[PDB]
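Listed next as structure tokens is one chain, alone, in the form deposited in one PDB entry.
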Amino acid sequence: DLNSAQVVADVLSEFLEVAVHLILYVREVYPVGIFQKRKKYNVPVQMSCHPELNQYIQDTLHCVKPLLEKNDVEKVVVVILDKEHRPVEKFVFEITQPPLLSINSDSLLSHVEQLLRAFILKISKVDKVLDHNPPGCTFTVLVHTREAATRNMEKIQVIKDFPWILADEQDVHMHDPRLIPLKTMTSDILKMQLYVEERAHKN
């Protein structure tokens, strides 16, 4: 019954959570000591074992799911910020959803999972093409909406104690930078591409 967006919201919410953990591990935002290997998408991934960090990531993506359901999300961006709170690297997930359709949990769900696995695999080897980040980096998640975020400024307030707000220009601005394509996928319920924007000189 036109459950296309709902399934994508769930599938993507779960994928993005795994993707954020892996990114944090491969970009050394936190020590390898807090990560533990897990099995996701039939592939070995590194997941954090710190409750607070885990809850933070969960809450973040929990709030994005409703926006995904209404297909108001243009991009979900995992941003790595330096000590000066300026973007050093950006993992951009650009999302496009086809018109609503009624999906039957069978092969289409497993097909989408197989396509998402390629993204996990690419993120896992990104440290081979990216220069190491300077010490002191932190991270955040940015959500680009198709319409003014002001309209979705209330739809995203899914959780109390976990408010969202409009981002600044600095939190997004990057000179140049170096662009690295990772993977693109197409399917009946989701079209998505992931690429990284890296600061030219990390010093």
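C-alpha atoms forming the largest set that superposes within 1.5 Å between two forms make up the rigid core. Sequential numbering from 1, following the sequence displayed.
**Message:** Tell me whether residue 153 turns out to be unmodelled in at least a third of the other entries of this protein, restricted to those that model residues on both sides.
**Reply:** Comparison shows residue 153 kept in all of the other entries.
**Prompt:** Going by the B-factors listed in the PDB entry, is the mean over the C-alpha atoms higher for 153 to 161 or for 43 to 51?
**Reply:** It is 153 to 161.
**Request:** Check the entry's C-alpha temperature factors for 95 to 103 and 118 to 126, then say which stretch has the higher mean.
**Result:** Averaged over C-alpha atoms, the B-factors run higher in 95 to 103.
**Asked** Out of 78, 109, 73, 88, which residue has the highest Cα temperature factor in the PDB record?
**Response** Checking the PDB record, the top C-alpha B-factor among 78, 109, 73, 88 is at 109.
**Item:** Residue with maximal Cα B-factor (values as given in the PDB entry) among 141, 29, 167, 34
**Value:** The C-alpha B-factor peaks, among 141, 29, 167, 34, at 167.
**Request:** Place residue 61 in the lowest, middle or highest third of its chain's C-alpha B-factors, as listed in the PDB entry.
**Result:** Tercile = middle for this residue's CA B-factor.
**Message:** For the chain shown, is the CA B-factor of residue 196 in the lowest, middle or highest third of its modelled residues?
**Reply:** Tercile = lowest for this residue's CA B-factor.
Keep in mind that the form deposited in another entry is not shown, yet the notes after this line are about it.
**Request:** Please find the residue from 92, 126, 108, 95 showing a Cα shift of 2 angstroms or more between the shown form and the other one, rigid core superposed.
**Result:** So the only displaced C-alpha belongs to 108.
**Asked** Would the C-alpha of residue 39 be classed as shifted by 2 Å or more between the shown form and the other one after rigid-core alignment?
**Response** After core superposition, the C-alpha of residue 39 moves less than 2 Å between the shown form and the other one.
**Message:** For residue 167, does the CA position differ by 2 Å or more between the shown form and the other one when the superposition is done on the rigid core?
**Reply:** Stays below the 2 Å threshold, so no.
**Asked** Would you say residue 49 moves between the shown form and the other one, meaning its CA shifts by 2 Å or more once the core is fitted?
**Response** No, the C-alpha moves less than 2 Å.
**Prompt:** Quick one: residue 190 and residue 103 C-alpha atoms, closer or farther in the other entry compared with this form (3 angstroms or more)?
**Reply:** More distant in the other entry, by 3 Å or more.
**Request:** Since the C-alpha distance between residue 42 and residue 106 changes by 3 Å or more in the other entry, give its direction relative to the shown form: closer or farther.
**Result:** Relative to the displayed form, residue 42 and residue 106 move farther apart in the other entry - a change of at least 3 Å between their C-alphas.
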